[PDB]
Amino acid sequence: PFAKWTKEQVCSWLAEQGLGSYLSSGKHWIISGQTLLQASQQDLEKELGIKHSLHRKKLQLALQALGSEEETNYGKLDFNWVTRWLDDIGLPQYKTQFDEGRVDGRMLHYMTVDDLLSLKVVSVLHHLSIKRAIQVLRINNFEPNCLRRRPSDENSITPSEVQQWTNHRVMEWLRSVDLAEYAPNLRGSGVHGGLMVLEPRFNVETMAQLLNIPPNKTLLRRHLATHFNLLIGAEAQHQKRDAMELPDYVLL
């Protein structure tokens, strides 16, 4: 148990968790790993001098995690992994904030709406994009390379595959379907396979909005619909048709 670990074994783990900035301050405050556990939520925030809120939650999560002593998979993914993952889900405009808050796999799992708002992620669409990306991690038992595998192009003759497509891959897809002029608009848009395939609220119109294809270019949208549907599959197509019958009202 972490409680039996020496001051130095604790210090290096703490620093390995991207929390080495609070080191030369709380070095005298920590003799044992048990004293870390003993400390209530406030003892650490006073003594270690953790002032960023995300940083508190991070430790809190990490501690209650070692206490269960069972080995969670989302917990296996450190913060550098998550910050790479932002390139994959299509939201690299946030790497500074996430990396500075040391968002790991646990924090992804326990992600709240205010957390994301604090990291300046405010777009409804980006909350969808993140919610469905995490689903894809769940589908894949939180295996580090699940997205960071690119298989061959032809590999998509089963829609399941598309579920694991990154933002880059979707752009590569648009180019293969003669929408090269639009493919870069998806940069920073959080569009990825997980969202296209799994979110019933996400369809052709959303896609076409994000691509900057005006509502008046019927012929272009028609092309786009035809290819989008072949991409996603029959079921996913049906799922999205079905959702249209129940409008996503703002006020019940």
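Residue positions are given as counts along the sequence shown, with the first one as 1.
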property: Stretch with the higher entry mean CA B-factor, where the candidates are 15 to 23 and 232 to 240; result: 15 to 23
property: Average Cα temperature factor in the PDB entry - higher stretch of 45 to 53, 202 to 210; result: 45 to 53
property: Deposited CA B-factor, highest of 31, 186, 61, 224; result: 31
property: Deposited CA B-factor, highest of 194, 67, 190, 215; result: 67
property: Chain-wide C-alpha B factor ranking for residue 154, given as lowest, middle or highest third; result: highest
property: Within-chain third of residue 96 by Cα B-factor, per the entry; result: lowest
property: Chain-relative CA temperature factor third for residue 71; result: highest
property: Residue 8 CA temperature factor, ranked by third within the chain; result: highest
